[PDB]
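Peer 1: Coordinates in target.cif, mmCIF, C-alpha atoms and all ligand atoms, are listed below.
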```cif
data_target
loop_
_atom_site.group_PDB
_atom_site.id
_atom_site.type_symbol
_atom_site.label_atom_id
_atom_site.label_comp_id
_atom_site.auth_asym_id
_atom_site.auth_seq_id
_atom_site.Cartn_x
_atom_site.Cartn_y
_atom_site.Cartn_z
ATOM 1 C CA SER A 1 0.000 0.000 0.000
ATOM 2 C CA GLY A 2 1.044 3.639 -0.561
ATOM 3 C CA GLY A 3 2.594 3.137 -3.991
ATOM 4 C CA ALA A 4 5.408 1.189 -5.574
ATOM 5 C CA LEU A 5 8.513 1.259 -7.769
ATOM 6 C CA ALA A 6 9.845 -0.197 -10.987
ATOM 7 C CA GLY A 7 11.580 -3.551 -10.434
ATOM 8 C CA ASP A 8 14.977 -2.238 -11.517
ATOM 9 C CA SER A 9 14.967 0.426 -8.784
ATOM 10 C CA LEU A 10 18.167 -0.038 -6.767
ATOM 11 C CA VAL A 11 18.285 -0.354 -3.004
ATOM 12 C CA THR A 12 21.553 -0.583 -1.048
ATOM 13 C CA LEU A 13 22.147 -3.476 1.329
ATOM 14 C CA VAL A 14 23.911 -1.723 4.202
ATOM 15 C CA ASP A 15 26.713 -4.133 5.096
ATOM 16 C CA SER A 16 27.847 -5.164 1.654
ATOM 17 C CA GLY A 17 27.001 -1.789 0.103
ATOM 18 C CA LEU A 18 25.624 -3.787 -2.807
ATOM 19 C CA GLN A 19 22.984 -2.010 -4.914
ATOM 20 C CA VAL A 20 20.251 -4.538 -5.706
ATOM 21 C CA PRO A 21 17.139 -4.260 -7.921
ATOM 22 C CA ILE A 22 14.087 -4.286 -5.682
ATOM 23 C CA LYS A 23 12.494 -7.083 -7.771
ATOM 24 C CA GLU A 24 15.311 -9.406 -6.591
ATOM 25 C CA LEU A 25 14.417 -8.864 -2.921
ATOM 26 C CA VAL A 26 10.864 -10.251 -3.131
ATOM 27 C CA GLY A 27 10.299 -12.723 -0.302
ATOM 28 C CA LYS A 28 13.397 -11.658 1.655
ATOM 29 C CA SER A 29 13.217 -10.022 5.090
ATOM 30 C CA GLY A 30 15.234 -9.020 8.140
ATOM 31 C CA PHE A 31 17.873 -7.124 6.188
ATOM 32 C CA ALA A 32 18.986 -3.495 6.357
ATOM 33 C CA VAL A 33 18.778 -0.687 3.814
ATOM 34 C CA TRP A 34 19.275 3.083 4.163
ATOM 35 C CA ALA A 35 16.405 5.292 5.323
ATOM 36 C CA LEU A 36 15.844 8.812 6.529
ATOM 37 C CA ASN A 37 15.341 9.599 10.192
ATOM 38 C CA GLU A 38 13.104 12.669 9.802
ATOM 39 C CA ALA A 39 13.774 13.925 13.337
ATOM 40 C CA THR A 40 17.549 14.169 12.795
ATOM 41 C CA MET A 41 17.343 14.545 8.999
ATOM 42 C CA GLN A 42 20.126 11.957 8.820
ATOM 43 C CA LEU A 43 20.337 8.621 7.042
ATOM 44 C CA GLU A 44 20.159 5.502 9.241
ATOM 45 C CA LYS A 45 20.231 1.742 8.784
ATOM 46 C CA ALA A 46 16.671 0.387 8.626
ATOM 47 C CA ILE A 47 15.296 -3.164 8.665
ATOM 48 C CA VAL A 48 13.030 -4.342 5.850
ATOM 49 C CA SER A 49 10.272 -6.717 7.003
ATOM 50 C CA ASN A 50 8.663 -7.501 3.627
ATOM 51 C CA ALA A 51 9.424 -7.093 -0.094
ATOM 52 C CA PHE A 52 6.627 -7.719 -2.568
ATOM 53 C CA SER A 53 4.981 -7.115 -5.927
ATOM 54 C CA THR A 54 1.804 -5.077 -5.988
ATOM 55 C CA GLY A 55 0.922 -5.993 -9.594
ATOM 56 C CA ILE A 56 1.171 -4.101 -12.871
ATOM 57 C CA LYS A 57 0.649 -0.349 -12.505
ATOM 58 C CA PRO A 58 1.339 2.925 -14.356
ATOM 59 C CA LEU A 59 4.800 4.398 -13.808
ATOM 60 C CA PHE A 60 6.198 7.912 -14.018
ATOM 61 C CA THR A 61 9.887 8.709 -14.516
ATOM 62 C CA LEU A 62 11.057 11.498 -12.241
ATOM 63 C CA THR A 63 14.447 13.120 -12.909
ATOM 64 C CA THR A 64 16.332 15.601 -10.734
ATOM 65 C CA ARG A 65 18.808 18.372 -11.620
ATOM 66 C CA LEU A 66 21.789 16.299 -10.358
ATOM 67 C CA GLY A 67 20.623 13.541 -12.699
ATOM 68 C CA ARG A 68 19.013 11.127 -10.247
ATOM 69 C CA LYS A 69 16.114 9.215 -11.768
ATOM 70 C CA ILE A 70 13.417 6.874 -10.507
ATOM 71 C CA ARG A 71 10.267 5.245 -11.873
ATOM 72 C CA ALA A 72 7.389 5.230 -9.411
ATOM 73 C CA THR A 73 3.624 5.030 -9.252
ATOM 74 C CA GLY A 74 1.669 8.291 -9.145
ATOM 75 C CA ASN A 75 0.741 7.771 -5.502
ATOM 76 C CA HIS A 76 4.282 7.106 -4.304
ATOM 77 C CA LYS A 77 5.398 9.801 -1.869
ATOM 78 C CA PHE A 78 8.632 11.814 -1.908
ATOM 79 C CA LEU A 79 9.820 14.333 0.674
ATOM 80 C CA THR A 80 9.588 18.066 -0.005
ATOM 81 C CA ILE A 81 10.467 20.969 2.337
ATOM 82 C CA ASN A 82 6.714 21.205 2.978
ATOM 83 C CA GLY A 83 6.173 17.503 3.715
ATOM 84 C CA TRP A 84 5.641 14.203 1.943
ATOM 85 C CA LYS A 85 3.830 14.499 -1.408
ATOM 86 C CA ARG A 86 2.564 12.045 -4.001
ATOM 87 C CA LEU A 87 4.515 12.005 -7.248
ATOM 88 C CA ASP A 88 1.321 13.063 -9.032
ATOM 89 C CA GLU A 89 1.140 16.173 -6.812
ATOM 90 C CA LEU A 90 4.711 17.336 -7.511
ATOM 91 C CA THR A 91 5.381 20.320 -9.748
ATOM 92 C CA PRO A 92 8.218 21.368 -12.062
ATOM 93 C CA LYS A 93 11.160 22.854 -10.070
ATOM 94 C CA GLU A 94 9.847 21.462 -6.791
ATOM 95 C CA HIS A 95 12.665 20.124 -4.583
ATOM 96 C CA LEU A 96 13.000 16.641 -3.050
ATOM 97 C CA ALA A 97 15.176 15.242 -0.277
ATOM 98 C CA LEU A 98 18.031 13.092 -1.534
ATOM 99 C CA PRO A 99 21.074 11.622 0.225
ATOM 100 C CA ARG A 100 24.391 13.366 -0.283
ATOM 101 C CA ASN A 101 27.110 11.375 -2.087
ATOM 102 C CA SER A 102 28.957 10.866 1.194
ATOM 103 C CA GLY A 103 28.010 11.234 4.858
ATOM 104 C CA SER A 104 24.544 10.993 6.375
ATOM 105 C CA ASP A 105 23.089 14.366 5.360
ATOM 106 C CA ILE A 106 20.444 15.146 2.794
ATOM 107 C CA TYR A 107 20.274 17.777 0.068
ATOM 108 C CA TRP A 108 17.231 19.284 -1.637
ATOM 109 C CA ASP A 109 17.467 18.627 -5.368
ATOM 110 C CA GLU A 110 15.257 20.232 -8.002
ATOM 111 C CA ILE A 111 12.868 18.142 -10.124
ATOM 112 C CA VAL A 112 13.573 18.784 -13.825
ATOM 113 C CA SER A 113 11.098 16.336 -15.359
ATOM 114 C CA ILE A 114 8.203 14.020 -14.642
ATOM 115 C CA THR A 115 7.074 11.822 -17.533
ATOM 116 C CA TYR A 116 4.547 9.017 -17.833
ATOM 117 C CA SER A 117 6.558 5.944 -18.865
ATOM 118 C CA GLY A 118 4.077 3.091 -19.223
ATOM 119 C CA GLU A 119 2.924 0.141 -17.154
ATOM 120 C CA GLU A 120 5.128 -2.519 -15.565
ATOM 121 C CA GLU A 121 5.118 -4.817 -12.581
ATOM 122 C CA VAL A 122 5.887 -2.725 -9.484
ATOM 123 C CA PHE A 123 7.350 -3.528 -6.071
ATOM 124 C CA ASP A 124 7.608 -2.181 -2.569
ATOM 125 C CA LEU A 125 9.389 -2.706 0.743
ATOM 126 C CA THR A 126 7.934 -2.455 4.220
ATOM 127 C CA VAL A 127 10.207 -0.622 6.652
ATOM 128 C CA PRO A 128 8.351 -0.809 9.982
ATOM 129 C CA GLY A 129 10.567 1.648 11.867
ATOM 130 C CA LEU A 130 11.082 4.719 9.713
ATOM 131 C CA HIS A 131 8.513 3.898 6.955
ATOM 132 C CA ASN A 132 10.818 5.076 4.147
ATOM 133 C CA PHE A 133 13.902 3.989 2.292
ATOM 134 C CA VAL A 134 16.433 5.082 -0.296
ATOM 135 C CA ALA A 135 15.851 3.824 -3.850
ATOM 136 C CA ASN A 136 17.918 4.954 -6.829
ATOM 137 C CA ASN A 137 19.556 7.358 -4.377
ATOM 138 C CA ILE A 138 16.234 9.165 -3.729
ATOM 139 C CA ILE A 139 14.235 9.041 -0.461
ATOM 140 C CA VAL A 140 10.782 7.439 -0.892
ATOM 141 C CA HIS A 141 7.966 6.802 1.680
ATOM 142 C CA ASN A 142 5.915 3.698 2.485
HETATM 143 CL CL CL B 1 12.012 -8.489 9.760
HETATM 144 CL CL CL B 2 -2.066 -6.394 -11.718
HETATM 145 CL CL CL B 3 -4.170 6.527 -5.830
HETATM 146 CL CL CL B 4 0.180 14.654 -1.893
HETATM 147 NA NA NA B 5 30.809 -2.686 3.698
HETATM 148 NA NA NA B 6 9.191 22.622 6.384
HETATM 149 NA NA NA B 7 6.912 24.209 -9.024
#
```
Would you mind writing the file out in structure tokens?

Peer 2:
Amino acid sequence: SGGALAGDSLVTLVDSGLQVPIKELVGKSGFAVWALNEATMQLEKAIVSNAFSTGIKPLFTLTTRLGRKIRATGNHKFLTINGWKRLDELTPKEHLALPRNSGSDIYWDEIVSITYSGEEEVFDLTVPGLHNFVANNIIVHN
């Protein structure tokens, strides 16, 4: 529930640092990825309790000014300076929270494009602590 991501969306397994397509994690649990602690605004290790397909749904490709890109359902939420917002409520030039290249801080990158990009099978992770995770180096909410 809450939206989903293209199967090739990459999540980072904390200990190995291996970037893995979310589709490959289906059925796995009890492993850590990166997530945002919104109180500290710092990245933290977060346990995933479930990884699953939600079926075939419409996807939108969102691209940022730094060149980060993700394909998500219209209802998937991203973090703006004014709170979490559905992809299909985001506007051109609106900024989203993204992890910095190094360290545990975030930066607010500008959206340069949102484009409908067809239907595919889509996937999600449940993160029972922080309810969000990093995918394709962008913070997304459950
Ligand atoms: Cl678990
Ligand atoms: Cl379906
Ligand atoms: Cl909806
Ligand atoms: Cl919204
Ligand atoms: Na490591
Ligand atoms: Na604010
Ligand atoms: Na705007």

Peer 1: Interatomic distance between CA of residue 24 in chain A and CA of residue 57 in chain A?

Peer 2: 18.2 Å

Peer 1: Do you have, as a Markdown table, the list of residues of chain A lying at most 8 Å from ligand NA 5 (chain B), each with its nearest atom pair and that distance in Å to one decimal, counting only C-alpha atoms and all ligand atoms and ordered by chain then number?

Peer 2:
```
| residue | atom | partner | partner_atom | distance |
| --- | --- | --- | --- | --- |
| A:14 | CA | B:NA5 | NA | 7.0 |
| A:15 | CA | B:NA5 | NA | 4.6 |
| A:16 | CA | B:NA5 | NA | 4.4 |
| A:17 | CA | B:NA5 | NA | 5.3 |
```

Peer 1: Pick out the closest residue to ligand NA 6 (chain B) from this set: A:107, A:123, A:84, A:116. Count all atoms listed in the file.

Peer 2: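 Comparing A:107, A:123, A:84, A:116 against ligand NA 6 (chain B), the winner is A:84.
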
Peer 1: Just want the residues within 9 Å of ligand CL 4 (chain B), written as a VMD selection string, counting all atoms listed in the file.

Peer 2: chain A and resid 75 to 78 83 to 90

Peer 1: Compare A:28, A:45, A:23, A:69 by their minimum atom-to-atom distance to residue 133 in chain A, counting all atoms listed in the file, and give me the closest one.

Peer 2: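 Among the listed residues, the smallest separation from residue 133 in chain A belongs to A:45.
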
Peer 1: With only C-alpha atoms and all ligand atoms counted, collect every polymer residue having an atom within 9 Å of ligand NA 6 (chain B); state the result as a list in words.

Peer 2: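 Written in the requested form, the residues are residues 80, 81, 82 and 83 of chain A.
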
Peer 1: Residue 40 in chain A: which residues within 12 Å, counting all atoms listed in the file, same-chain residues fewer than 4 positions away excluded, as a list in words?

Peer 2: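 Contacts, in chain order: residues 35, 36, 44, 104, 105, 106 and 130 of chain A.
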
Peer 1: Carefully work through the PyMOL selection byres (((chain A and resi 48-55) around 7) and not hetatm) for this structure and note down the residues it includes, as a PDB file with C-alpha atoms, in the coordinates of the input.

Peer 2:
```
ATOM      1  CA  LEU A  25      14.417  -8.864  -2.921  1.00  0.00           C
ATOM      2  CA  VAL A  26      10.864 -10.251  -3.131  1.00  0.00           C
ATOM      3  CA  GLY A  27      10.299 -12.723  -0.302  1.00  0.00           C
ATOM      4  CA  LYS A  28      13.397 -11.658   1.655  1.00  0.00           C
ATOM      5  CA  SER A  29      13.217 -10.022   5.090  1.00  0.00           C
ATOM      6  CA  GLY A  30      15.234  -9.020   8.140  1.00  0.00           C
ATOM      7  CA  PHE A  31      17.873  -7.124   6.188  1.00  0.00           C
ATOM      8  CA  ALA A  32      18.986  -3.495   6.357  1.00  0.00           C
ATOM      9  CA  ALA A  46      16.671   0.387   8.626  1.00  0.00           C
ATOM     10  CA  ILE A  47      15.296  -3.164   8.665  1.00  0.00           C
ATOM     11  CA  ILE A  56       1.171  -4.101 -12.871  1.00  0.00           C
ATOM     12  CA  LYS A  57       0.649  -0.349 -12.505  1.00  0.00           C
ATOM     13  CA  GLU A 121       5.118  -4.817 -12.581  1.00  0.00           C
ATOM     14  CA  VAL A 122       5.887  -2.725  -9.484  1.00  0.00           C
ATOM     15  CA  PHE A 123       7.350  -3.528  -6.071  1.00  0.00           C
ATOM     16  CA  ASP A 124       7.608  -2.181  -2.569  1.00  0.00           C
ATOM     17  CA  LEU A 125       9.389  -2.706   0.743  1.00  0.00           C
ATOM     18  CA  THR A 126       7.934  -2.455   4.220  1.00  0.00           C
ATOM     19  CA  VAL A 127      10.207  -0.622   6.652  1.00  0.00           C
ATOM     20  CA  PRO A 128       8.351  -0.809   9.982  1.00  0.00           C
TER      21      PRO A 128
END
```

Peer 1: Might you spell out which residues the PyMOL selection byres (((chain A and resi 65) around 8) and not hetatm) would select in the displayed file, as a list in words?

Peer 2: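 Selection result, ordered by chain and number: residues 63, 64, 66, 67, 68, 109, 110, 111 and 112 of chain A.
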
Peer 1: Report as lines of an AutoDock Vina configuration file the centre and the edge lengths, in Å to one decimal, of the axis-aligned box holding every listed atom of range 122-128 of chain A, padded by 5 Å on each side.

Peer 2:
```
center_x = 8.0
center_y = -2.1
center_z = 0.2
size_x = 14.3
size_y = 12.9
size_z = 29.5
```

Peer 1: Can you give me, as a PyMOL selection string, the residues this file yields under the PyMOL selection byres (((not hetatm)) within 9 of (chain B and resi 7))?

Peer 2: chain A and resi 90-95+111

Peer 1: Using only C-alpha atoms, which residues sit within 9 Å of residue 58 in chain A once same-chain residues fewer than 6 positions away are excluded, as a list in words?

Peer 2: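 Surrounding residues, per the criterion: residues 72, 73, 74, 116, 117, 118, 119, 120, 121 and 122 of chain A.
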
Peer 1: Supply range 5-31 of chain A as a PDB file, in the coordinates of the input, with N, CA and C atoms built in where the input has gaps.

Peer 2:
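Saved the output as out_15.pdb:
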```
ATOM      1  N   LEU A   5       7.375   0.877  -6.929  1.00  0.00           N
ATOM      2  CA  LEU A   5       8.513   1.259  -7.769  1.00  0.00           C
ATOM      3  C   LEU A   5       8.764   0.263  -8.864  1.00  0.00           C
ATOM      4  N   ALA A   6       9.383   0.729  -9.941  1.00  0.00           N
ATOM      5  CA  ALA A   6       9.845  -0.197 -10.987  1.00  0.00           C
ATOM      6  C   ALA A   6      10.797  -1.234 -10.387  1.00  0.00           C
ATOM      7  N   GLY A   7      10.763  -2.440 -10.944  1.00  0.00           N
ATOM      8  CA  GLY A   7      11.580  -3.551 -10.434  1.00  0.00           C
ATOM      9  C   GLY A   7      13.080  -3.354 -10.484  1.00  0.00           C
ATOM     10  N   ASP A   8      13.547  -2.494 -11.395  1.00  0.00           N
ATOM     11  CA  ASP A   8      14.977  -2.238 -11.517  1.00  0.00           C
ATOM     12  C   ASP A   8      15.475  -1.146 -10.577  1.00  0.00           C
ATOM     13  N   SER A   9      14.574  -0.575  -9.781  1.00  0.00           N
ATOM     14  CA  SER A   9      14.967   0.426  -8.784  1.00  0.00           C
ATOM     15  C   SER A   9      15.977  -0.178  -7.813  1.00  0.00           C
ATOM     16  N   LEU A  10      17.079   0.519  -7.572  1.00  0.00           N
ATOM     17  CA  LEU A  10      18.167  -0.038  -6.767  1.00  0.00           C
ATOM     18  C   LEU A  10      18.080   0.364  -5.311  1.00  0.00           C
ATOM     19  N   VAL A  11      18.153  -0.623  -4.426  1.00  0.00           N
ATOM     20  CA  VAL A  11      18.285  -0.354  -3.004  1.00  0.00           C
ATOM     21  C   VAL A  11      19.647  -0.858  -2.535  1.00  0.00           C
ATOM     22  N   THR A  12      20.223  -0.199  -1.538  1.00  0.00           N
ATOM     23  CA  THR A  12      21.553  -0.583  -1.048  1.00  0.00           C
ATOM     24  C   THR A  12      21.463  -1.423   0.206  1.00  0.00           C
ATOM     25  N   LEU A  13      22.013  -2.633   0.146  1.00  0.00           N
ATOM     26  CA  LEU A  13      22.147  -3.476   1.329  1.00  0.00           C
ATOM     27  C   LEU A  13      23.279  -2.887   2.166  1.00  0.00           C
ATOM     28  N   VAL A  14      22.987  -2.538   3.412  1.00  0.00           N
ATOM     29  CA  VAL A  14      23.911  -1.723   4.202  1.00  0.00           C
ATOM     30  C   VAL A  14      25.316  -2.329   4.366  1.00  0.00           C
ATOM     31  N   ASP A  15      25.400  -3.591   4.753  1.00  0.00           N
ATOM     32  CA  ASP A  15      26.713  -4.133   5.096  1.00  0.00           C
ATOM     33  C   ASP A  15      27.594  -4.349   3.885  1.00  0.00           C
ATOM     34  N   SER A  16      27.041  -4.953   2.844  1.00  0.00           N
ATOM     35  CA  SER A  16      27.847  -5.164   1.654  1.00  0.00           C
ATOM     36  C   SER A  16      27.994  -3.885   0.850  1.00  0.00           C
ATOM     37  N   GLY A  17      27.037  -2.968   0.978  1.00  0.00           N
ATOM     38  CA  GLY A  17      27.001  -1.789   0.103  1.00  0.00           C
ATOM     39  C   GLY A  17      26.572  -2.143  -1.308  1.00  0.00           C
ATOM     40  N   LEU A  18      26.039  -3.345  -1.492  1.00  0.00           N
ATOM     41  CA  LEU A  18      25.624  -3.787  -2.807  1.00  0.00           C
ATOM     42  C   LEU A  18      24.286  -3.152  -3.176  1.00  0.00           C
ATOM     43  N   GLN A  19      24.219  -2.589  -4.381  1.00  0.00           N
ATOM     44  CA  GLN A  19      22.984  -2.010  -4.914  1.00  0.00           C
ATOM     45  C   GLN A  19      22.243  -3.111  -5.652  1.00  0.00           C
ATOM     46  N   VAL A  20      21.018  -3.395  -5.213  1.00  0.00           N
ATOM     47  CA  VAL A  20      20.251  -4.538  -5.706  1.00  0.00           C
ATOM     48  C   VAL A  20      18.897  -4.070  -6.256  1.00  0.00           C
ATOM     49  N   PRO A  21      18.486  -4.582  -7.432  1.00  0.00           N
ATOM     50  CA  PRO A  21      17.139  -4.260  -7.921  1.00  0.00           C
ATOM     51  C   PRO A  21      16.082  -4.777  -6.948  1.00  0.00           C
ATOM     52  N   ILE A  22      15.097  -3.939  -6.659  1.00  0.00           N
ATOM     53  CA  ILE A  22      14.087  -4.286  -5.682  1.00  0.00           C
ATOM     54  C   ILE A  22      13.347  -5.593  -6.053  1.00  0.00           C
ATOM     55  N   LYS A  23      13.178  -5.851  -7.351  1.00  0.00           N
ATOM     56  CA  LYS A  23      12.494  -7.083  -7.771  1.00  0.00           C
ATOM     57  C   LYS A  23      13.210  -8.331  -7.220  1.00  0.00           C
ATOM     58  N   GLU A  24      14.527  -8.251  -7.052  1.00  0.00           N
ATOM     59  CA  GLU A  24      15.311  -9.406  -6.591  1.00  0.00           C
ATOM     60  C   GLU A  24      15.167  -9.667  -5.092  1.00  0.00           C
ATOM     61  N   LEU A  25      14.565  -8.724  -4.369  1.00  0.00           N
ATOM     62  CA  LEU A  25      14.417  -8.864  -2.921  1.00  0.00           C
ATOM     63  C   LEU A  25      13.088  -9.475  -2.499  1.00  0.00           C
ATOM     64  N   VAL A  26      12.194  -9.711  -3.459  1.00  0.00           N
ATOM     65  CA  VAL A  26      10.864 -10.251  -3.131  1.00  0.00           C
ATOM     66  C   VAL A  26      10.999 -11.524  -2.297  1.00  0.00           C
ATOM     67  N   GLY A  27      10.298 -11.554  -1.166  1.00  0.00           N
ATOM     68  CA  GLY A  27      10.299 -12.723  -0.302  1.00  0.00           C
ATOM     69  C   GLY A  27      11.379 -12.716   0.764  1.00  0.00           C
ATOM     70  N   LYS A  28      12.327 -11.785   0.659  1.00  0.00           N
ATOM     71  CA  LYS A  28      13.397 -11.658   1.655  1.00  0.00           C
ATOM     72  C   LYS A  28      12.944 -10.740   2.784  1.00  0.00           C
ATOM     73  N   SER A  29      13.569 -10.870   3.948  1.00  0.00           N
ATOM     74  CA  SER A  29      13.217 -10.022   5.090  1.00  0.00           C
ATOM     75  C   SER A  29      14.335 -10.019   6.112  1.00  0.00           C
ATOM     76  N   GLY A  30      14.277  -9.072   7.042  1.00  0.00           N
ATOM     77  CA  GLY A  30      15.234  -9.020   8.140  1.00  0.00           C
ATOM     78  C   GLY A  30      16.595  -8.511   7.721  1.00  0.00           C
ATOM     79  N   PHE A  31      16.624  -7.707   6.669  1.00  0.00           N
ATOM     80  CA  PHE A  31      17.873  -7.124   6.188  1.00  0.00           C
ATOM     81  C   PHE A  31      17.778  -5.612   6.196  1.00  0.00           C
TER      82      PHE A  31
END
```
